[PDB]
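Heads up, model-v6.json below (JSON, C-alpha atoms):
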[["chain", "number", "residue", "atom", "x", "y", "z"],
["A", 1, "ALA", "CA", 0.00, 0.00, 0.00],
["A", 2, "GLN", "CA", 1.11, 3.61, -0.28],
["A", 3, "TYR", "CA", 0.24, 4.22, 3.36],
["A", 4, "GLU", "CA", 1.52, 1.45, 5.59],
["A", 5, "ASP", "CA", 1.07, 0.84, 9.28],
["A", 6, "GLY", "CA", 4.58, 1.16, 10.69],
["A", 7, "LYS", "CA", 5.66, 3.61, 7.99],
["A", 8, "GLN", "CA", 3.83, 6.98, 7.94],
["A", 9, "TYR", "CA", 1.91, 6.05, 11.06],
["A", 10, "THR", "CA", 1.61, 3.39, 13.74],
["A", 11, "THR", "CA", -1.52, 1.94, 15.31],
["A", 12, "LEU", "CA", -2.21, 2.04, 19.04],
["A", 13, "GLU", "CA", -2.44, -1.47, 20.51],
["A", 14, "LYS", "CA", -4.89, 0.05, 22.99],
["A", 15, "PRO", "CA", -7.15, 2.43, 21.02],
["A", 16, "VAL", "CA", -8.46, 5.42, 22.96],
["A", 17, "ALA", "CA", -12.26, 5.72, 22.79],
["A", 18, "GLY", "CA", -13.90, 9.17, 22.84],
["A", 19, "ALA", "CA", -10.58, 10.81, 21.95],
["A", 20, "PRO", "CA", -10.40, 14.14, 20.06],
["A", 21, "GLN", "CA", -10.49, 13.76, 16.27],
["A", 22, "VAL", "CA", -7.04, 15.27, 15.70],
["A", 23, "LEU", "CA", -4.90, 15.46, 18.83],
["A", 24, "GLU", "CA", -1.45, 17.07, 18.95],
["A", 25, "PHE", "CA", 1.01, 17.11, 21.90],
["A", 26, "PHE", "CA", 3.93, 19.53, 22.29],
["A", 27, "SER", "CA", 6.26, 21.15, 24.82],
["A", 28, "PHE", "CA", 7.73, 24.66, 24.65],
["A", 29, "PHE", "CA", 11.02, 22.95, 25.58],
["A", 30, "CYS", "CA", 10.78, 20.55, 22.60],
["A", 31, "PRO", "CA", 13.12, 21.54, 19.72],
["A", 32, "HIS", "CA", 11.26, 19.72, 16.93],
["A", 33, "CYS", "CA", 8.07, 21.32, 18.29],
["A", 34, "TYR", "CA", 9.70, 24.70, 17.79],
["A", 35, "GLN", "CA", 10.36, 23.70, 14.19],
["A", 36, "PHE", "CA", 6.82, 22.29, 13.73],
["A", 37, "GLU", "CA", 5.35, 25.59, 14.88],
["A", 38, "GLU", "CA", 7.80, 28.21, 13.58],
["A", 39, "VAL", "CA", 9.33, 26.78, 10.41],
["A", 40, "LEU", "CA", 6.85, 24.16, 9.20],
["A", 41, "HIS", "CA", 3.49, 25.36, 10.55],
["A", 42, "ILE", "CA", 2.32, 21.71, 10.80],
["A", 43, "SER", "CA", -0.91, 22.46, 12.69],
["A", 44, "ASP", "CA", -1.94, 25.02, 10.17],
["A", 45, "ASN", "CA", -1.24, 22.89, 7.13],
["A", 46, "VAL", "CA", -3.04, 19.89, 8.61],
["A", 47, "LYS", "CA", -6.08, 22.11, 9.31],
["A", 48, "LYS", "CA", -6.01, 23.31, 5.70],
["A", 49, "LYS", "CA", -6.36, 19.70, 4.42],
["A", 50, "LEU", "CA", -8.76, 18.33, 7.01],
["A", 51, "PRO", "CA", -12.39, 17.77, 5.93],
["A", 52, "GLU", "CA", -15.36, 19.58, 7.40],
["A", 53, "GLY", "CA", -16.68, 18.79, 10.86],
["A", 54, "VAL", "CA", -13.22, 17.95, 12.20],
["A", 55, "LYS", "CA", -11.96, 19.69, 15.33],
["A", 56, "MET", "CA", -8.29, 20.12, 16.10],
["A", 57, "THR", "CA", -6.87, 19.89, 19.63],
["A", 58, "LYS", "CA", -3.40, 20.85, 20.89],
["A", 59, "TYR", "CA", -2.04, 20.05, 24.36],
["A", 60, "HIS", "CA", 1.14, 20.83, 26.32],
["A", 61, "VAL", "CA", 3.00, 18.16, 28.33],
["A", 62, "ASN", "CA", 4.74, 18.08, 31.71],
["A", 63, "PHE", "CA", 7.61, 15.66, 31.09],
["A", 64, "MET", "CA", 10.05, 18.29, 29.81],
["A", 65, "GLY", "CA", 11.58, 21.18, 31.72],
["A", 66, "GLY", "CA", 10.72, 20.10, 35.26],
["A", 67, "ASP", "CA", 8.93, 22.74, 37.31],
["A", 68, "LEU", "CA", 8.79, 25.21, 34.42],
["A", 69, "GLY", "CA", 7.33, 22.47, 32.23],
["A", 70, "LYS", "CA", 4.34, 22.20, 34.55],
["A", 71, "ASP", "CA", 4.01, 26.02, 34.72],
["A", 72, "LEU", "CA", 3.93, 26.02, 30.94],
["A", 73, "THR", "CA", 1.20, 23.36, 30.91],
["A", 74, "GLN", "CA", -0.88, 25.53, 33.22],
["A", 75, "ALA", "CA", -0.13, 28.63, 31.05],
["A", 76, "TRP", "CA", -1.27, 26.77, 27.96],
["A", 77, "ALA", "CA", -4.49, 25.99, 29.84],
["A", 78, "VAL", "CA", -4.81, 29.78, 30.41],
["A", 79, "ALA", "CA", -4.13, 30.35, 26.72],
["A", 80, "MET", "CA", -6.86, 27.86, 25.75],
["A", 81, "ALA", "CA", -9.42, 29.26, 28.20],
["A", 82, "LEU", "CA", -8.86, 32.84, 26.99],
["A", 83, "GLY", "CA", -8.51, 31.84, 23.33],
["A", 84, "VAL", "CA", -5.15, 33.53, 22.98],
["A", 85, "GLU", "CA", -3.11, 30.54, 21.79],
["A", 86, "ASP", "CA", -2.27, 32.34, 18.56],
["A", 87, "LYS", "CA", -0.85, 35.36, 20.39],
["A", 88, "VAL", "CA", 1.46, 33.56, 22.85],
["A", 89, "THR", "CA", 2.71, 30.46, 21.04],
["A", 90, "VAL", "CA", 5.56, 32.15, 19.24],
["A", 91, "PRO", "CA", 6.80, 34.36, 22.16],
["A", 92, "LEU", "CA", 6.69, 31.35, 24.50],
["A", 93, "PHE", "CA", 8.74, 29.21, 22.12],
["A", 94, "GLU", "CA", 11.24, 32.00, 21.58],
["A", 95, "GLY", "CA", 11.42, 32.97, 25.26],
["A", 96, "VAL", "CA", 12.10, 29.35, 26.16],
["A", 97, "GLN", "CA", 14.39, 28.22, 23.31],
["A", 98, "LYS", "CA", 15.75, 31.28, 21.41],
["A", 99, "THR", "CA", 16.29, 34.17, 23.85],
["A", 100, "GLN", "CA", 16.21, 32.16, 27.11],
["A", 101, "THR", "CA", 14.27, 34.90, 28.84],
["A", 102, "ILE", "CA", 11.71, 32.53, 30.34],
["A", 103, "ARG", "CA", 12.93, 31.11, 33.65],
["A", 104, "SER", "CA", 9.96, 31.47, 35.97],
["A", 105, "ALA", "CA", 6.18, 31.65, 36.05],
["A", 106, "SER", "CA", 6.47, 35.47, 36.26],
["A", 107, "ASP", "CA", 8.43, 35.41, 33.01],
["A", 108, "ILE", "CA", 5.70, 33.27, 31.38],
["A", 109, "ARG", "CA", 3.17, 35.81, 32.64],
["A", 110, "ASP", "CA", 5.13, 38.73, 31.03],
["A", 111, "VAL", "CA", 4.66, 37.09, 27.63],
["A", 112, "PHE", "CA", 0.87, 37.25, 28.10],
["A", 113, "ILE", "CA", 1.03, 40.88, 29.39],
["A", 114, "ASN", "CA", 3.11, 41.94, 26.45],
["A", 115, "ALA", "CA", 0.68, 40.12, 24.13],
["A", 116, "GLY", "CA", -1.98, 42.34, 25.71],
["A", 117, "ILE", "CA", -3.86, 40.03, 28.09],
["A", 118, "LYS", "CA", -4.60, 42.11, 31.18],
["A", 119, "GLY", "CA", -2.73, 41.33, 34.38],
["A", 120, "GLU", "CA", -5.95, 40.86, 36.26],
["A", 121, "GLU", "CA", -7.44, 38.70, 33.54],
["A", 122, "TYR", "CA", -4.40, 36.42, 33.45],
["A", 123, "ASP", "CA", -4.07, 35.95, 37.22],
["A", 124, "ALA", "CA", -7.78, 35.20, 37.58],
["A", 125, "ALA", "CA", -7.56, 32.61, 34.76],
["A", 126, "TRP", "CA", -4.31, 31.19, 36.21],
["A", 127, "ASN", "CA", -6.06, 30.52, 39.56],
["A", 128, "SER", "CA", -9.45, 29.41, 38.17],
["A", 129, "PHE", "CA", -10.92, 25.89, 38.45],
["A", 130, "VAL", "CA", -11.72, 26.16, 34.76],
["A", 131, "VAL", "CA", -7.97, 26.18, 34.13],
["A", 132, "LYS", "CA", -7.52, 23.41, 36.71],
["A", 133, "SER", "CA", -9.86, 21.00, 34.86],
["A", 134, "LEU", "CA", -8.24, 22.09, 31.62],
["A", 135, "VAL", "CA", -4.80, 21.11, 33.02],
["A", 136, "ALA", "CA", -6.30, 17.72, 34.04],
["A", 137, "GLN", "CA", -7.62, 17.29, 30.47],
["A", 138, "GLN", "CA", -4.10, 17.82, 29.10],
["A", 139, "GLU", "CA", -2.64, 15.30, 31.51],
["A", 140, "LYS", "CA", -5.39, 12.69, 31.03],
["A", 141, "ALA", "CA", -5.12, 12.81, 27.23],
["A", 142, "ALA", "CA", -1.36, 12.25, 27.45],
["A", 143, "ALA", "CA", -1.83, 9.50, 30.05],
["A", 144, "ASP", "CA", -4.41, 7.84, 27.79],
["A", 145, "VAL", "CA", -1.82, 7.27, 25.03],
["A", 146, "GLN", "CA", 1.22, 6.48, 27.17],
["A", 147, "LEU", "CA", 2.97, 9.58, 25.84],
["A", 148, "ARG", "CA", 6.78, 9.72, 26.20],
["A", 149, "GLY", "CA", 7.74, 11.93, 23.34],
["A", 150, "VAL", "CA", 6.76, 15.08, 21.53],
["A", 151, "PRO", "CA", 5.89, 16.35, 18.97],
["A", 152, "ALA", "CA", 3.08, 13.79, 18.66],
["A", 153, "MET", "CA", -0.17, 13.66, 16.76],
["A", 154, "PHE", "CA", -2.98, 11.14, 17.18],
["A", 155, "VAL", "CA", -6.02, 10.67, 14.96],
["A", 156, "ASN", "CA", -9.28, 9.37, 16.52],
["A", 157, "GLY", "CA", -7.24, 7.92, 19.38],
["A", 158, "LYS", "CA", -6.34, 5.13, 16.95],
["A", 159, "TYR", "CA", -3.36, 6.21, 14.84],
["A", 160, "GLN", "CA", -0.11, 7.99, 15.71],
["A", 161, "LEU", "CA", 1.72, 10.00, 13.07],
["A", 162, "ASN", "CA", 5.22, 8.77, 12.26],
["A", 163, "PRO", "CA", 7.27, 11.63, 10.79],
["A", 164, "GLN", "CA", 10.49, 9.60, 10.99],
["A", 165, "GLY", "CA", 9.23, 7.61, 7.99],
["A", 166, "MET", "CA", 8.73, 10.57, 5.59],
["A", 167, "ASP", "CA", 11.37, 12.30, 3.37],
["A", 168, "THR", "CA", 13.05, 15.37, 4.92],
["A", 169, "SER", "CA", 15.14, 16.65, 1.98],
["A", 170, "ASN", "CA", 12.47, 19.24, 1.36],
["A", 171, "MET", "CA", 10.59, 20.89, 4.20],
["A", 172, "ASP", "CA", 7.55, 21.74, 2.07],
["A", 173, "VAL", "CA", 7.29, 18.17, 0.78],
["A", 174, "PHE", "CA", 7.63, 16.87, 4.34],
["A", 175, "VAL", "CA", 4.70, 19.03, 5.49],
["A", 176, "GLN", "CA", 2.33, 18.08, 2.66],
["A", 177, "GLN", "CA", 3.14, 14.40, 3.24],
["A", 178, "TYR", "CA", 2.48, 14.82, 6.95],
["A", 179, "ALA", "CA", -0.80, 16.65, 6.24],
["A", 180, "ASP", "CA", -1.98, 14.22, 3.53],
["A", 181, "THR", "CA", -1.26, 11.42, 5.98],
["A", 182, "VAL", "CA", -3.46, 13.03, 8.62],
["A", 183, "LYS", "CA", -6.21, 13.46, 6.00],
["A", 184, "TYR", "CA", -5.84, 9.79, 4.95],
["A", 185, "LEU", "CA", -6.01, 8.56, 8.57],
["A", 186, "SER", "CA", -8.94, 10.89, 9.19],
["A", 187, "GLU", "CA", -10.96, 9.18, 6.42],
["A", 188, "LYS", "CA", -10.01, 5.70, 7.57]]

Write the structure described by the file as structure tokens, please.
Amino acid sequence: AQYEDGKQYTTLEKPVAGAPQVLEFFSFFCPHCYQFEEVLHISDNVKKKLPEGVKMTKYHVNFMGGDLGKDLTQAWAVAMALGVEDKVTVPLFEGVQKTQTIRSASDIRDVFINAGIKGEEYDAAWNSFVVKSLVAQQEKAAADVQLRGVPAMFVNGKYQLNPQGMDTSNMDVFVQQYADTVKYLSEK
């Protein structure tokens, strides 16, 4: 076949029922995640090729960057609750991996302030039980698929993308192949 289990994707031995249609995991400490967001725009190009009626979910993980990793998972929950993912993703990546100006929760907070979320609004969100359940959702989804590495994408809690088995000579070709794979798995 042109798409083979074990080649552009793998199949979960233990399929996850009720899982989000398209589910992505990342960390702001994860170097390929930086690439996926900043250079390749994976999420965006997958969205562009996905059918209609298909929702896209993206979660942060705890297992990188110790205490700051968990702060970043809570901050991503704030981002999701306020709907400001698109305003903070790049400055968080760059503050963590490029400039190294993110070293504490207060530094994460500055990124939101400078993106124009009000101090008050952020701190209230940060402490809210809406963000708490949203943090639990992120952890549960990762727990559900035994997640040990990022970037990771899962389709219908059944199939896991396998970028290692795609050509990387050309970044644009890599992305369309990744996206077309998601579309294929989506229709499966």

Can you build me a table of stretch 80-186 of chain A residues sitting at most 9 Å from stretch 13-19 of chain A, with the closest atom pair per residue and its distance in Å to one decimal, using only C-alpha atoms, sorted by chain and residue number, as a Markdown table?
| residue | atom | partner | partner_atom | distance |
| --- | --- | --- | --- | --- |
| A:141 | CA | A:19 | CA | 7.9 |
| A:144 | CA | A:16 | CA | 6.8 |
| A:145 | CA | A:16 | CA | 7.2 |
| A:154 | CA | A:19 | CA | 9.0 |
| A:155 | CA | A:19 | CA | 8.3 |
| A:156 | CA | A:19 | CA | 5.8 |
| A:157 | CA | A:16 | CA | 4.5 |
| A:158 | CA | A:15 | CA | 5.0 |
| A:159 | CA | A:15 | CA | 8.2 |

Serialized selection, C-alpha atoms, as an mmCIF file, keeping the file's coordinate frame:
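Writing the result to out36.cif gives the following:
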data_model
loop_
_atom_site.group_PDB
_atom_site.id
_atom_site.type_symbol
_atom_site.label_atom_id
_atom_site.label_comp_id
_atom_site.auth_asym_id
_atom_site.auth_seq_id
_atom_site.Cartn_x
_atom_site.Cartn_y
_atom_site.Cartn_z
ATOM 1 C CA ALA A 141 -5.120 12.810 27.230
ATOM 2 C CA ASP A 144 -4.410 7.840 27.790
ATOM 3 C CA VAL A 145 -1.820 7.270 25.030
ATOM 4 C CA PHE A 154 -2.980 11.140 17.180
ATOM 5 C CA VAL A 155 -6.020 10.670 14.960
ATOM 6 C CA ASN A 156 -9.280 9.370 16.520
ATOM 7 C CA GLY A 157 -7.240 7.920 19.380
ATOM 8 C CA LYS A 158 -6.340 5.130 16.950
ATOM 9 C CA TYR A 159 -3.360 6.210 14.840
#

If we count all atoms listed in the file, what is near residue A:121 at a cut-off of 12 Å, once residues fewer than 3 positions away on the same chain are taken out, given as a PDB file with C-alpha atoms, in the coordinates of the input?
ATOM      1  CA  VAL A  78      -4.810  29.780  30.410  1.00  0.00           C
ATOM      2  CA  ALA A  79      -4.130  30.350  26.720  1.00  0.00           C
ATOM      3  CA  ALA A  81      -9.420  29.260  28.200  1.00  0.00           C
ATOM      4  CA  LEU A  82      -8.860  32.840  26.990  1.00  0.00           C
ATOM      5  CA  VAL A  84      -5.150  33.530  22.980  1.00  0.00           C
ATOM      6  CA  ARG A 109       3.170  35.810  32.640  1.00  0.00           C
ATOM      7  CA  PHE A 112       0.870  37.250  28.100  1.00  0.00           C
ATOM      8  CA  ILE A 113       1.030  40.880  29.390  1.00  0.00           C
ATOM      9  CA  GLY A 116      -1.980  42.340  25.710  1.00  0.00           C
ATOM     10  CA  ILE A 117      -3.860  40.030  28.090  1.00  0.00           C
ATOM     11  CA  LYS A 118      -4.600  42.110  31.180  1.00  0.00           C
ATOM     12  CA  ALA A 124      -7.780  35.200  37.580  1.00  0.00           C
ATOM     13  CA  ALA A 125      -7.560  32.610  34.760  1.00  0.00           C
ATOM     14  CA  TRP A 126      -4.310  31.190  36.210  1.00  0.00           C
ATOM     15  CA  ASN A 127      -6.060  30.520  39.560  1.00  0.00           C
ATOM     16  CA  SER A 128      -9.450  29.410  38.170  1.00  0.00           C
TER      17      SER A 128
END

> What separation in Å, quoted to one decimal, exists between atom CA of residue A:176 and atom CA of residue A:9?
Replying inline: 14.7 Å

> Can you list, as a PyMOL selection string, every protein, DNA or RNA residue that comes within 9 Å of stretch 62-67 of chain A when you count only C-alpha atoms, leaving out same-chain residues fewer than 3 positions away?
Replying inline: chain A and resi 27-30+70-73+104+139+148-149

> Quick one: residues within 12 Å of residue A:168, only C-alpha atoms counted, chain neighbours fewer than 6 positions away excluded, as a PyMOL selection string?
Replying inline: chain A and resi 40+174-178

>> Quick check, in Å to one decimal: how far apart do atom CA of residue A:11 and atom CA of residue A:160 lie?
In response: 6.2 Å

> Distance atom CA of residue A:31-atom CA of residue A:130, one decimal place?
Replying inline: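 That distance, rounded to one decimal, is 29.4 Å.
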
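Considering the residues A:93, A:36, A:122, A:26 and counting all atoms listed in the file, residue A:61 has its shortest atom-to-atom contact with A:26.
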
>> Using all atoms listed in the file for the distances, tell me which of A:3, A:46, A:58, A:38 is nearest to residue A:188.
In response: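 Selected residue with least distance to residue A:188: A:3.
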
Write out as a short mmCIF file (atom, residue, chain, number, x, y, z; two decimals) with C-alpha atoms, in the coordinates of the input which residues come within 12 Å of residue A:2 when counting all atoms listed in the file, dropping same-chain ones fewer than 3 positions away.
data_model
loop_
_atom_site.label_atom_id
_atom_site.label_comp_id
_atom_site.auth_asym_id
_atom_site.auth_seq_id
_atom_site.Cartn_x
_atom_site.Cartn_y
_atom_site.Cartn_z
CA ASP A 5 1.07 0.84 9.28
CA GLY A 6 4.58 1.16 10.69
CA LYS A 7 5.66 3.61 7.99
CA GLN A 8 3.83 6.98 7.94
CA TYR A 9 1.91 6.05 11.06
CA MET A 166 8.73 10.57 5.59
CA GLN A 177 3.14 14.40 3.24
CA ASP A 180 -1.98 14.22 3.53
CA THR A 181 -1.26 11.42 5.98
CA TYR A 184 -5.84 9.79 4.95
#

> Got a sec: who's within 12 Å of residue A:80, counting only C-alpha atoms, leaving out chain neighbours fewer than 3 positions off, as a list in words?
Replying inline: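 So, after excluding close chain neighbours, the residues are residues 57, 58, 59, 60, 73, 74, 75, 76, 77, 83, 84, 85, 86, 87, 88, 89, 122, 125, 126, 130, 131, 132, 133, 134, 135, 137 and 138 of chain A.
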